[PDB]
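A quick write-up on the structure given underneath.
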Amino acid sequence: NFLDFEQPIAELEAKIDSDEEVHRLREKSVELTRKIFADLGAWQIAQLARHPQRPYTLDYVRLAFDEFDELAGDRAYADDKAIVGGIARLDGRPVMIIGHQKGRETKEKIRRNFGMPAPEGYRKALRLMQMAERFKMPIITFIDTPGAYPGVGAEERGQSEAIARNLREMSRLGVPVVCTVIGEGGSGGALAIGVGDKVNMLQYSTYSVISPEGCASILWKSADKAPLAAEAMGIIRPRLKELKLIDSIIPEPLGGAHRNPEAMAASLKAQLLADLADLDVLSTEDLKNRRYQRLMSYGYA
Amino acid sequence: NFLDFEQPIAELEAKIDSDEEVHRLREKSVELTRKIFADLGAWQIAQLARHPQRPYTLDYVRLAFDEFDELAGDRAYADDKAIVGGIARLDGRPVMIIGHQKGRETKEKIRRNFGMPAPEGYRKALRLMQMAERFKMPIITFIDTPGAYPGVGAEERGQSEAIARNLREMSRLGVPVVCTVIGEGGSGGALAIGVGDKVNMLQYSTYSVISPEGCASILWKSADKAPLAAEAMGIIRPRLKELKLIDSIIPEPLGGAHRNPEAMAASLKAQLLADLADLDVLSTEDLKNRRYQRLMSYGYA
Amino acid sequence: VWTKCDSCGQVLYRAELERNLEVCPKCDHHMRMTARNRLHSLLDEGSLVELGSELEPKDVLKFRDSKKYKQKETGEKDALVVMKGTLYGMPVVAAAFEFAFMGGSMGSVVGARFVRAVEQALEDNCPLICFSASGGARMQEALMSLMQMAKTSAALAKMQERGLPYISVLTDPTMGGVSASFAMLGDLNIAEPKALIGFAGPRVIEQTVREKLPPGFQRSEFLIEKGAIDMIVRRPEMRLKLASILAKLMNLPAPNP
Amino acid sequence: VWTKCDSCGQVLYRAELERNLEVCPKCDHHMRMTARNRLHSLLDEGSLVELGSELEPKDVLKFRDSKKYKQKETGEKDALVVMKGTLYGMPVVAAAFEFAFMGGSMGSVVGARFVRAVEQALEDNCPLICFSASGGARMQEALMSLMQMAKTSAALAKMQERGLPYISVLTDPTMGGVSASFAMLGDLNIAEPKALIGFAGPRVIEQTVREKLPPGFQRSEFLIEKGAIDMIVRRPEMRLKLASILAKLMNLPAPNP
Ligand SMILES: [Zn+2]
Ligand SMILES: [Zn+2]
C-alpha cells in the first residue's frame with residue numbers, strides 16, 4: 001500500500017476512526033500531501049510511477065472506455081499476458097486499445113511477467129494496430145513496462161525483430177495514434193508501442209532508454225546510485241517536454257494517480273479526446289507526413 | 001535404387017560388364033523400359049512420383065538455375081529444413097525459388113522431416129514470395145511433399161493458419177508465379193505454395209486432397225487398398241488436366257525422371273521459360289485478374 | 001421429444017433447448033445446431049434471404065457409392081448454407097456448415113456457395129460471418145475439394161482489401177481443409193466453448209508421435225492460449241456479441257440489446 | 001607491427017590481415033575492422049563520397065564526464081559512418097559502425113547520419129547496405145538515443161515502399177537498441193561468422209533465469225537456426241556476395257567477379 005515518504009499522510013489517515021466536526025482536520029491532510037509532493041526529487045518520482053497502487057491499463061479501460069472486447073493471440077505462438085488489447089468505444093467512437101498490463105498482486109504479476117512482454121506480445125500488439133487501420137479505427141496505447149522481457153525464448157523467438165518490426169510498421173500506420181505513458185516508460189519494449197502522433201505522459205510517469213539501476217551500475221559501477229542516473233538522463237515528465245520529446249503532460253490527482261483513479265481517468269480520458277480530435281482535421285496523407293516529420297525531428301540533427 | 005517393376009530393366013543393366021559390338025543390345029533395353037512404362041496403372045505411377053531416386057528441389061536448382069543464394073528463416077521461430085528457398089537467375093533473369101526438399105538419404109530425410117513442413121516453413125515460404133514481389137521478381141515453386149507435418153508443435157504453432165494465410169497472400173501476389181509438381185503433390189501442405197498463374201505437373205508426379213493410403217483406410221476400411229483410392233480420386237497427371245485443373249504436363253525422360261535428371265531439367269527449365277514469358281505480355285492488373293479468375297473457376301460451380 | 005445430453009446425460013425437454021440454442025443448461029455443453037437454424041438464431045426476424053440456393057452438386061468422377069452417399073437427412077444441397085439478412089438492423093451476410101451432411105466436408109458446392117457470400121457481401125458492402133463445422137474436404141471430389149481452399153481464401157482477400165470485416169466462428173469441430181483455409185482467415189477468429197479445432201485430426205496426429213496427446217489439445221481453451229483464437233464466445237451471447245464487435249468495426253451505432 | 005589473434009594466438013604480420021580483411025587466416029576468426037576501412041573494402045575504387053560528415057554531436061544534458069568521454073582514438077564524429085559510392089559499377093550507399101567509439105552506441109548523430117544514407121539512397125534510387133556493431137544506445141543522450149530506433153526504422157519504411165533493397169549486415173557484436181531496430185529490419189539480414197547478436201546482453205539475460213545460457217546462444221550460427229538471419233557470409237566473400245545478391249534484387253547484370 002502507501003509509498004515511502006507518504007508516511008505522514010498514511011498516519012494522518014487515522015481520521016476514519018474519528019466536538020465531532022473536527023472531522024475536517026483533513027484540510028491539513030490535503031496540505032502536507034500538498035507540500036510533500038511539491039518538492040519531489042527525480043528518483044522519488046520514478047517511485048510513484050512504479051507505485052504499487054498505481055492504475056494499470058485495464059483500470060483505465062474500465063474507467064474511461066465502454067464495450068471493451070479484449071482480443072487474444074498473435075496467430076502463431078501464444079497470447080502474451082503482458083499485453084492487453086482490444087476494441088472498445090470512447091464516447092461512442094470505437095477505438096483500438098493496446099497496453100502493458102502489470103497486475104496489482106504478486107501472482108497476477110507472475111501470470112503477466114510484470115508487464116514485460118515476449119516477442120509474441122509485440123506481434124499481437126501489432127496485429128491489433130493493423131486491425132485498427134483495416135477498419136479506419138484509432139489506436140490508443142498505454143505504456144507502462146519495466147521493458148521488453150529479456151530471456152532465452154525471448155531471444156530465440158526474436159525479441160529484437162519483434163520490436164523493430166513494430167517501430168517500422170507503426171510509423172506507416174494510416175490512422176491516428178495517441179500514446180500515453182501511464183506508468184513506467186521502459187526502453188524500446190515500451191517504445192514498441194509508443195510511436196504515435198500524440199505522445200502524452202502522466203505527471204508522475206517516467207521514460208528512459210534504459211532503467212536507472214542498470215545505467216547506474218554501468219556508468220557508476222553502483223546499483224543503489226540509480227537515483228543519480230535518474231536525474232542525469234532526464235526520465236521525468238517535464239525534463240522531456242523541454243525537448244519537443246513529448247506532446248503534453250497529463251496531470252494526476254492530489255498526491256498521485258493512485259490517490260484517486262476516477263479523477264485521473266477523467267483528466268486522461270479528456271486529454272485523449274482532445275488530441276484524438278484535433279487530429280481528425282488531418283488527411284491520412286497529411287497525418288502520416290506530420291508523423292514522419294515529427295519522427296525525423298526527434299533529436300538535434 | 002531401382003523401383004519395383006523396373007526389375008527387368010535393372011537386370012538388363014548387366015551390360016557394363018560386357019564379338020564386342022553386341023554392346024548395343026541396349027536397343028532392347030530402351031524398349032521394354034519403353035513397353036513397361038507404356039501401361040502403368042494409377043497406383044504404379046504414384047510409386048515413381050515417390051521414387052527413391054527422383055530429383056528433388058535442390059537438384060533442379062543446381063541443374064537449371066545459376067547464382068542460387070538460399071535464404072533462411074521466418075524471422076520469428078526457426079528455419080524449416082523441409083522448405084528450400086532463395087534468389088537465383090534463370091538465364092540471367094533473377095527469380096525467387098521455393099520448394100519442398102525431401103532428401104535422398106535416410107538421415108537427410110530426418111533432418112528435413114521428409115519434406116513435410118511445420119507452420120514455420122510456410123511462414124518462411126511466404127516471406128520469400130513477399131521479397132520476390134517487393135523486388136518485381138518472379139516466383140517459381142517446386143511442389144513435392146507428402147503433406148504438411150502433422151504434429152503437436154505444428155498445431156500449437158498454427159499449422160492451419162500458416163497454410164491458410166499463404167493461400168490468401170499468394171493469390172494477391174503481384175508478380176508471375178509458376179508452380180510445378182515435381183514429385184508428390186500432397187494436400188494443402190503442397191497447396192500452401194501451389195497457388196500460381198501457371199501450374200504445370202511432371203508426367204509421373206501426382207496431386208491429391210489426401211494421400212491414397214489415408215483415403216483408402218477411411219472409405220474402404222483398408223490401408224493396402226490405397227491403389228483403389230488412387231484411381232478413384234484422380235491423382236494422375238492427365239486425369240487432372242482433363243479438368244482445367246493444371247495448365248501443362250511436362251514430360252519426363254524415357255522410363256522416369258530419375259533415369260536422366262539432366263534431360264528432365266532441360267524439359268522443365270524450358271517449360272518454365274515458356275510460361276514465365278507468355279505471362280509478361282500481361283499487366284500486373286491483368287495478371288492478378290487472370291489469376292483470380294482462374295481461381296474462381298476451379299471446380300464446377 | 002425428451003433428448004439426452006452428449007457429455008452429461010441430464011435429460012432435457014426439446015422445447016427447452018430452444019431459447020437456450022441447442023445448449024445444455026446444466027453443463028453449458030454446446031451441441032449439434034442445424035445450419036439453417038443457426039442462421040435464424042443470428043439474423044434478425046424475417047430479413048433472411050437465402051443465397052446460392054440455385055446450386056447443387058454432381059459426381060464428375062464416378063466415385064465408390066458417391067452419387068448415393070450424396071439429402072433426405074438434411075433436406076439441403078451442400079454442407080454450407082449462405083443466407084443474406086440483418087443483425088440488429090445491420091445488413092450482414094452469414095453462412096454455416098451442416099456437420100450432419102457427411103461431415104460438413106468442403107467440396108465444390110461448399111466453396112461456390114461460400115464465394116457467393118463474399119460476392120454478395122462485397123457489392124452490398126457489408127460484413128461477413130461464417131460458422132464453421134467440418135471434418136475436412138470432400139474426398140469424393142478430390143483435388144476439386146482442395147482447390148476450394150485456395151479459392152475461398154483468394155476471395156476473402158478481396159473482402160479484406162475492401163475493408164469489410166469478416167468474422168470466422170469456429171465451432172466443434174473444424175478440421176483439416178476448412179480449418180486451414182477461410183475458417184482461420186477471419187479478422188476475428190471466434191471459437192464456441194470447448195470446441196475441437198485443428199489441421200490434422202488427433203487420430204492421425206497421435207499415431208505419429210506415437211504417444212499421449214497433451215491435455216485439451218485442440219480445444220477452444222487450448223488454442224486461445226496458443227494465440228490461434230481471438231476469443232471464445234458462448235452461443236446465446238453470440239448473437240449480440242457478434243453485433244457488438246461488428247458494430248464497432250463498421251463504425252455503426254451499437255445495437256439495442 | 002606483428003599483432004596477435006584474439007581467440008587463437010597465432011602471431012600475424014599486419015600487412016597480412018589486409019588482403020584477408022582483418023581476418024585470422026588460421027582461425028578464420030573475424031576481428032575488429034575499422035568503420036572507414038570497411039566502407040573502402042566494399043565500395044569500388046575512388047567512388048567513395050562521404051555523406052553526413054557535416055554532422056557532429058554535443059552534450060545537451062550535461063551528463064557525468066560526457067563532453068570529455070566524447071575522437072582522438074578514432075578521428076571520427078560518431079559511431080556510424082555513411083559513405084556513398086559504387087559496387088562493381090553499381091551505385092550504392094553504405095554505412096558502418098565503429099565499435100571503438102564508446103561501443104558503437106547509437107545516439108543522435110548515429111541516427112541522423114543513418115537517416116542520411118536512406119535519404120541519399122532514396123532520391124538516387126539505389127540500394128542501401130549497413131554494417132552494424134554496437135552495444136546499445138548512447139545513454140549519455142537518454143531518450144534521444146531511444147527515439148533514434150523509431151526514426152531510423154520509420155525511414156527504412158520509406159526505403160521499402162519504394163522497392164529499394166536494404167541489406168543489414170550484423171557483425172559481432174550488435175546488441176540492444178540497434179539490434180532491435182534497423183539492424184534487424186533488412187530485406188536480407190546477413191551475419192558475419194560466429195557473431196554475437198541479440199537484444200539483451202548475455203550478462204543481464206543470465207542473471208535473470210539465474211542459470212546456464214545455452215551453447216552458442218546469440219551467435220550467427222545459433223540465430224540462423226532460429227530463423228533470425230537469412231545467411232552467414234564471410235568477410236572476404238562479402239564484397240562480391242553483396243553485389244551478387246543486390247544485383248539480382250535490382251535486376252542489374254551480375255557483377256564481373
Ligand atoms: Zn449436460
Ligand atoms: Zn587465430
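Simple scheme: letters A, B, ... for chains in C-alpha cells order, numbers from 1 for residues in each chain, numbers from 1 for ligands in the order shown.
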Problem set entry | At most 10 Å to chain A: residues in chain B, only C-alpha atoms, as a VMD selection string | chain B and resid 75 to 78 119 to 120 123 153 155 to 162
Problem set entry | 9 Å contact set for region 97-100 of chain A, only C-alpha atoms, chain neighbours under 2 positions out, as a VMD selection string | chain A and resid 56 to 58 61 68 70 81 to 88 95 102 114 to 117 125 128 to 129 138 to 145 190 193
Problem set entry | Within-6 Å residues of ligand 2, basis only C-alpha atoms and all ligand atoms, as a PyMOL selection string | chain D and resi 5+7-10+24+26-27
Problem set entry | Best match for closeness to residue 205 (chain C) among B:63, B:152, B:182, B:239, counting only C-alpha atoms | B:152
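With CA of residue 272 (chain B) on one side and CA of residue 236 (chain B) on the other, the separation reads 20.6 Å.
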Residues of chain C near chain A: apply a cut-off of 6 Å, count only C-alpha atoms, and supply the list as a short mmCIF file (atom, residue, chain, number, x, y, z; two decimals) with C-alpha atoms, in the first residue's frame.
```cif
data_model
loop_
_atom_site.label_atom_id
_atom_site.label_comp_id
_atom_site.auth_asym_id
_atom_site.auth_seq_id
_atom_site.Cartn_x
_atom_site.Cartn_y
_atom_site.Cartn_z
CA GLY C 163 -12.05 -3.02 -45.61
CA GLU C 225 -3.61 -19.93 -25.26
CA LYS C 226 -1.53 -20.62 -28.39
CA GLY C 227 -3.00 -17.42 -29.81
CA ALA C 228 -4.91 -19.02 -32.67
CA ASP C 230 -9.19 -14.03 -30.63
CA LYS C 248 -17.56 -1.21 -33.84
CA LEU C 249 -15.60 -2.44 -36.84
#
```
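Near residue 193 (chain D), within 8 Å and counting only C-alpha atoms, sit residues 29, 30, 220, 221, 232, 233 and 234 of chain D, not including residues fewer than 3 positions from it in the same chain.
Between CA of residue 277 (chain A) and CA of residue 206 (chain A) the separation is 25.5 Å.
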Considering only C-alpha atoms, return as a compact mmCIF listing (two decimals) with N, CA and C atoms, in the first residue's frame whatever protein or nucleic-acid residues lie within 9 Å of residue 159 (chain C), sequence-local ones (same chain, fewer than 2 positions apart) excluded.
```txt
# COMPACT_ATOMS: atom_id res chain seq x y z
N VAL C 118 -19.33 -13.97 -50.14
CA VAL C 118 -18.31 -12.94 -50.28
C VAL C 118 -18.67 -11.97 -51.39
N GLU C 119 -19.15 -12.51 -52.51
CA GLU C 119 -19.55 -11.70 -53.65
C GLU C 119 -20.69 -10.79 -53.21
N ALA C 121 -21.71 -9.94 -50.05
CA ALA C 121 -21.21 -9.00 -49.05
C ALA C 121 -20.25 -7.99 -49.65
N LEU C 122 -19.76 -8.25 -50.85
CA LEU C 122 -18.83 -7.34 -51.48
C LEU C 122 -19.49 -6.13 -52.13
N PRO C 127 -20.53 -6.54 -43.72
CA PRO C 127 -19.80 -7.60 -43.01
C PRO C 127 -20.20 -9.02 -43.40
N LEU C 128 -19.28 -9.96 -43.21
CA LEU C 128 -19.50 -11.37 -43.50
C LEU C 128 -19.16 -12.21 -42.27
N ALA C 155 -10.75 -15.20 -52.38
CA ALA C 155 -11.87 -14.26 -52.37
C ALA C 155 -11.81 -13.42 -51.10
N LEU C 156 -11.67 -14.11 -49.97
CA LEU C 156 -11.59 -13.46 -48.67
C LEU C 156 -10.60 -12.30 -48.75
N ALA C 157 -9.65 -12.41 -49.68
CA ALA C 157 -8.64 -11.39 -49.88
C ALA C 157 -9.28 -10.12 -50.42
N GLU C 161 -9.16 -6.26 -48.65
CA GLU C 161 -8.58 -5.02 -49.17
C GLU C 161 -9.67 -3.97 -49.33
N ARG C 162 -10.91 -4.43 -49.25
CA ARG C 162 -12.09 -3.58 -49.36
C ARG C 162 -12.37 -2.93 -48.00
N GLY C 163 -11.87 -3.55 -46.94
CA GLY C 163 -12.05 -3.02 -45.61
C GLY C 163 -13.24 -3.60 -44.88
N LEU C 164 -13.86 -4.63 -45.45
CA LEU C 164 -15.03 -5.22 -44.83
C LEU C 164 -14.70 -6.32 -43.82
N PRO C 165 -15.25 -6.20 -42.60
CA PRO C 165 -15.00 -7.18 -41.55
C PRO C 165 -15.58 -8.57 -41.80
N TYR C 166 -14.73 -9.58 -41.69
CA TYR C 166 -15.14 -10.98 -41.85
C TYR C 166 -14.80 -11.69 -40.56
```
For this session: Using DSSP on the backbone, list every residue of region 48-287 of chain B that comes out as alpha helix (DSSP H), and give them as an NGL selection string.
Result: :B and (48-49 or 57-64 or 108-111 or 119-134 or 152-156 or 159-171 or 187-191 or 212-219 or 226-233 or 237-241 or 261-275 or 284-287)
Problem set entry | Spatial neighbours of region 290-295 of chain A, max dist 9 Å, only C-alpha atoms, sep filter under 6 positions, as a VMD selection string | (chain A and resid 171 to 172 195 to 198) or (chain D and resid 147 to 148 150 to 151 154 to 155)
Those selected residues, please, written with N, CA, C and O atoms and delivered as a tab-separated table (two decimals), in the first residue's frame.
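Now in selection22.tsv:
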```
chain	number	residue	atom	x	y	z
A	171	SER	N	4.99	3.45	-37.67
A	171	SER	CA	5.16	4.74	-38.33
A	171	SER	C	4.29	4.85	-39.59
A	171	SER	O	3.75	5.91	-39.89
A	172	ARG	N	4.14	3.75	-40.31
A	172	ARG	CA	3.34	3.75	-41.53
A	172	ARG	C	1.83	3.61	-41.26
A	172	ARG	O	1.02	3.59	-42.19
A	195	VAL	N	5.18	4.72	-30.73
A	195	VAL	CA	5.39	5.57	-31.90
A	195	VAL	C	4.04	6.13	-32.29
A	195	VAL	O	3.34	5.57	-33.12
A	196	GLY	N	3.67	7.25	-31.68
A	196	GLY	CA	2.38	7.81	-32.00
A	196	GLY	C	2.40	9.23	-32.54
A	196	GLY	O	3.46	9.86	-32.62
A	197	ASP	N	1.22	9.71	-32.91
A	197	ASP	CA	1.07	11.05	-33.42
A	197	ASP	C	1.15	11.96	-32.20
A	197	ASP	O	1.96	12.88	-32.16
A	198	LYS	N	0.34	11.67	-31.20
A	198	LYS	CA	0.37	12.44	-29.96
A	198	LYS	C	0.98	11.54	-28.90
A	198	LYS	O	0.60	10.38	-28.76
D	147	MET	N	14.62	7.26	-29.15
D	147	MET	CA	13.86	7.73	-30.31
D	147	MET	C	14.49	7.40	-31.66
D	147	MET	O	13.79	7.20	-32.67
D	148	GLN	N	15.82	7.34	-31.68
D	148	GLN	CA	16.53	7.04	-32.91
D	148	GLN	C	15.99	5.76	-33.54
D	148	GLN	O	15.80	5.70	-34.75
D	150	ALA	N	12.95	4.38	-33.36
D	150	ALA	CA	11.69	4.68	-34.03
D	150	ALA	C	11.87	5.47	-35.33
D	150	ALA	O	11.08	5.31	-36.27
D	151	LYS	N	12.89	6.32	-35.36
D	151	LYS	CA	13.17	7.15	-36.54
D	151	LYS	C	13.81	6.36	-37.67
D	151	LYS	O	13.25	6.24	-38.77
D	154	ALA	N	11.57	4.16	-39.06
D	154	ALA	CA	10.49	4.84	-39.76
D	154	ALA	C	10.93	5.19	-41.17
D	154	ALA	O	10.14	5.12	-42.10
D	155	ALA	N	12.20	5.56	-41.31
D	155	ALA	CA	12.76	5.93	-42.60
D	155	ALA	C	12.88	4.68	-43.47
D	155	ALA	O	12.44	4.67	-44.63
```
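Using only C-alpha atoms, the residues found no farther than 12 Å from residue 212 (chain D), other than those of its own chain fewer than 5 positions away, are residues 151 and 152 of chain A; 202, 203, 205, 206, 207 and 217 of chain D.
Reported to one decimal place, the separation of CA of residue 132 (chain D) from CA of residue 40 (chain D) is 15.4 Å.
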Problem set entry | Per-residue DSSP, region 73-232 of chain B, filtered to strand (DSSP E), as a VMD selection string | chain B and resid 83 to 90 93 to 100 139 to 145 177 to 186 198 to 201 206 to 208
Expected file: the selected residues, N, CA, C and O atoms, as a compact mmCIF listing (two decimals), in the first residue's frame:
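Result went into out_22.txt, see below:
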```
# COMPACT_ATOMS: atom_id res chain seq x y z
N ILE B 83 11.70 -26.89 -46.28
CA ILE B 83 11.44 -25.90 -47.31
C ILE B 83 12.73 -25.22 -47.75
O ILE B 83 13.46 -24.66 -46.94
N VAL B 84 12.99 -25.28 -49.05
CA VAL B 84 14.17 -24.65 -49.59
C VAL B 84 13.72 -23.44 -50.41
O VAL B 84 12.74 -23.52 -51.17
N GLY B 85 14.43 -22.33 -50.25
CA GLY B 85 14.06 -21.14 -51.00
C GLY B 85 15.19 -20.16 -51.13
O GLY B 85 16.02 -20.05 -50.24
N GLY B 86 15.23 -19.43 -52.23
CA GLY B 86 16.29 -18.46 -52.42
C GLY B 86 16.28 -17.78 -53.77
O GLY B 86 15.55 -18.18 -54.68
N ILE B 87 17.13 -16.76 -53.90
CA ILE B 87 17.26 -15.97 -55.12
C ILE B 87 18.34 -16.48 -56.08
O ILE B 87 19.51 -16.61 -55.71
N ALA B 88 17.93 -16.75 -57.32
CA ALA B 88 18.84 -17.23 -58.34
C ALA B 88 18.45 -16.61 -59.67
O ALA B 88 17.45 -15.89 -59.73
N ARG B 89 19.23 -16.88 -60.71
CA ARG B 89 18.95 -16.37 -62.05
C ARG B 89 18.47 -17.53 -62.92
O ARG B 89 18.82 -18.68 -62.67
N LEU B 90 17.66 -17.22 -63.92
CA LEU B 90 17.15 -18.22 -64.85
C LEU B 90 17.45 -17.64 -66.23
O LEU B 90 16.58 -17.02 -66.86
N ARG B 93 17.80 -13.74 -65.78
CA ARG B 93 16.64 -13.24 -65.04
C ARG B 93 16.59 -13.73 -63.61
O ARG B 93 16.48 -14.94 -63.38
N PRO B 94 16.67 -12.81 -62.63
CA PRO B 94 16.62 -13.29 -61.26
C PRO B 94 15.22 -13.81 -60.97
O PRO B 94 14.24 -13.32 -61.52
N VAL B 95 15.16 -14.84 -60.14
CA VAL B 95 13.91 -15.46 -59.77
C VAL B 95 13.96 -15.87 -58.31
O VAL B 95 15.05 -16.02 -57.74
N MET B 96 12.78 -16.03 -57.72
CA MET B 96 12.65 -16.48 -56.33
C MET B 96 12.17 -17.92 -56.44
O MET B 96 11.09 -18.19 -56.98
N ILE B 97 13.00 -18.85 -55.96
CA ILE B 97 12.70 -20.28 -55.99
C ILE B 97 12.35 -20.80 -54.61
O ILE B 97 13.09 -20.57 -53.66
N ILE B 98 11.23 -21.51 -54.52
CA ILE B 98 10.76 -22.08 -53.26
C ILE B 98 10.26 -23.51 -53.47
O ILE B 98 9.50 -23.77 -54.38
N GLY B 99 10.69 -24.45 -52.63
CA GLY B 99 10.23 -25.82 -52.81
C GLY B 99 10.43 -26.79 -51.66
O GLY B 99 11.17 -26.53 -50.72
N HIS B 100 9.75 -27.93 -51.75
CA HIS B 100 9.87 -28.97 -50.73
C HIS B 100 11.17 -29.75 -50.96
O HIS B 100 11.42 -30.26 -52.05
N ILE B 139 8.27 -15.69 -59.14
CA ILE B 139 8.34 -16.73 -58.12
C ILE B 139 8.11 -18.07 -58.77
O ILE B 139 7.10 -18.29 -59.44
N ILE B 140 9.07 -18.98 -58.57
CA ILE B 140 8.97 -20.32 -59.12
C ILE B 140 9.05 -21.31 -57.98
O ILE B 140 10.05 -21.37 -57.26
N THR B 141 7.98 -22.09 -57.80
CA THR B 141 7.92 -23.09 -56.74
C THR B 141 7.91 -24.51 -57.29
O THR B 141 7.40 -24.75 -58.39
N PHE B 142 8.48 -25.44 -56.52
CA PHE B 142 8.55 -26.86 -56.87
C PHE B 142 7.86 -27.65 -55.76
O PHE B 142 8.38 -27.76 -54.65
N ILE B 143 6.70 -28.21 -56.09
CA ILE B 143 5.92 -28.97 -55.13
C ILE B 143 6.25 -30.45 -55.12
O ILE B 143 6.25 -31.11 -56.16
N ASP B 144 6.54 -30.97 -53.93
CA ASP B 144 6.89 -32.36 -53.74
C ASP B 144 6.93 -32.67 -52.24
O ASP B 144 7.98 -32.68 -51.61
N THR B 145 5.76 -32.92 -51.67
CA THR B 145 5.68 -33.23 -50.25
C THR B 145 4.52 -34.15 -49.89
O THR B 145 3.42 -34.05 -50.44
N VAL B 177 3.72 -16.27 -61.07
CA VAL B 177 4.02 -17.40 -60.21
C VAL B 177 3.77 -18.72 -60.94
O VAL B 177 2.63 -19.10 -61.20
N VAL B 178 4.85 -19.43 -61.27
CA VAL B 178 4.73 -20.70 -61.97
C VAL B 178 4.94 -21.82 -60.96
O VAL B 178 5.98 -21.87 -60.29
N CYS B 179 3.96 -22.71 -60.84
CA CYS B 179 4.05 -23.82 -59.89
C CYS B 179 4.12 -25.17 -60.58
O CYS B 179 3.25 -25.51 -61.38
N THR B 180 5.14 -25.94 -60.22
CA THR B 180 5.33 -27.25 -60.83
C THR B 180 5.40 -28.36 -59.79
O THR B 180 6.18 -28.28 -58.84
N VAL B 181 4.58 -29.38 -59.96
CA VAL B 181 4.62 -30.51 -59.04
C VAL B 181 5.67 -31.48 -59.58
O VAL B 181 5.40 -32.28 -60.47
N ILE B 182 6.88 -31.40 -59.04
CA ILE B 182 7.95 -32.25 -59.48
C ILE B 182 7.91 -33.62 -58.84
O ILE B 182 8.63 -34.53 -59.26
N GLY B 183 7.10 -33.79 -57.82
CA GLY B 183 7.04 -35.08 -57.17
C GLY B 183 5.65 -35.47 -56.71
O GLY B 183 4.78 -35.80 -57.50
N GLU B 184 5.46 -35.40 -55.39
CA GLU B 184 4.22 -35.76 -54.73
C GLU B 184 3.46 -34.51 -54.32
O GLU B 184 3.89 -33.81 -53.41
N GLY B 185 2.35 -34.21 -54.97
CA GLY B 185 1.60 -33.02 -54.59
C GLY B 185 0.66 -33.37 -53.45
O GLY B 185 -0.49 -33.69 -53.70
N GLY B 186 1.14 -33.28 -52.20
CA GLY B 186 0.31 -33.65 -51.06
C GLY B 186 -0.53 -32.64 -50.31
O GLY B 186 -0.02 -31.67 -49.76
N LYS B 198 0.64 -20.20 -63.58
CA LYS B 198 0.79 -21.41 -64.39
C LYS B 198 1.05 -22.55 -63.43
O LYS B 198 1.89 -22.44 -62.53
N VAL B 199 0.33 -23.65 -63.61
CA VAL B 199 0.53 -24.80 -62.74
C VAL B 199 0.77 -26.10 -63.50
O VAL B 199 -0.16 -26.88 -63.74
N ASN B 200 2.03 -26.32 -63.85
CA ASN B 200 2.45 -27.50 -64.57
C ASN B 200 2.65 -28.66 -63.61
O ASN B 200 2.79 -28.47 -62.39
N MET B 201 2.66 -29.85 -64.17
CA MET B 201 2.84 -31.06 -63.40
C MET B 201 3.62 -32.08 -64.23
O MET B 201 3.20 -32.44 -65.32
N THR B 206 2.14 -36.71 -58.90
CA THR B 206 0.73 -36.83 -58.56
C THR B 206 0.26 -35.59 -57.81
O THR B 206 1.01 -34.64 -57.65
N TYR B 207 -0.98 -35.62 -57.33
CA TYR B 207 -1.55 -34.47 -56.62
C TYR B 207 -2.90 -34.89 -56.03
O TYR B 207 -3.75 -35.41 -56.75
N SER B 208 -3.11 -34.67 -54.74
CA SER B 208 -4.38 -35.05 -54.13
C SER B 208 -4.75 -34.30 -52.85
O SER B 208 -3.89 -33.78 -52.14
```
For this session: Give me the residues within 9 Å of residue 179 (chain C) as a ChimeraX atom specification, counting only C-alpha atoms and dropping any in the same chain fewer than 2 places off.
Result: /B:160-161,164 /C:132-136,170,174-177,181-184,197-199
Would you mind exporting C-alpha atoms of the selected residues as a PDB file, in the first residue's frame?
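And here is the file that came out, part.pdb:
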```pdb
ATOM      1  CA  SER B 160      -3.681 -24.303 -40.042  1.00  0.00           C
ATOM      2  CA  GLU B 161      -3.348 -20.505 -40.006  1.00  0.00           C
ATOM      3  CA  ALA B 164      -4.383 -20.555 -44.911  1.00  0.00           C
TER       4      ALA B 164
ATOM      5  CA  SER C 132     -17.675 -23.458 -39.418  1.00  0.00           C
ATOM      6  CA  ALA C 133     -18.012 -27.174 -38.713  1.00  0.00           C
ATOM      7  CA  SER C 134     -16.279 -29.797 -40.860  1.00  0.00           C
ATOM      8  CA  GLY C 135     -14.004 -32.807 -40.876  1.00  0.00           C
ATOM      9  CA  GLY C 136     -12.027 -31.966 -43.991  1.00  0.00           C
ATOM     10  CA  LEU C 170     -15.006 -21.945 -35.467  1.00  0.00           C
ATOM     11  CA  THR C 174     -13.481 -27.592 -37.587  1.00  0.00           C
ATOM     12  CA  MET C 175     -10.625 -29.646 -39.010  1.00  0.00           C
ATOM     13  CA  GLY C 176      -8.336 -30.047 -41.984  1.00  0.00           C
ATOM     14  CA  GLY C 177      -9.105 -28.244 -45.212  1.00  0.00           C
ATOM     15  CA  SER C 181      -8.357 -22.042 -45.118  1.00  0.00           C
ATOM     16  CA  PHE C 182     -11.099 -19.408 -44.707  1.00  0.00           C
ATOM     17  CA  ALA C 183     -12.056 -20.866 -41.330  1.00  0.00           C
ATOM     18  CA  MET C 184      -8.890 -19.356 -39.903  1.00  0.00           C
ATOM     19  CA  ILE C 197     -10.191 -27.177 -33.845  1.00  0.00           C
ATOM     20  CA  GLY C 198      -7.059 -28.146 -35.746  1.00  0.00           C
ATOM     21  CA  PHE C 199      -5.470 -29.079 -39.070  1.00  0.00           C
TER      22      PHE C 199
END
```
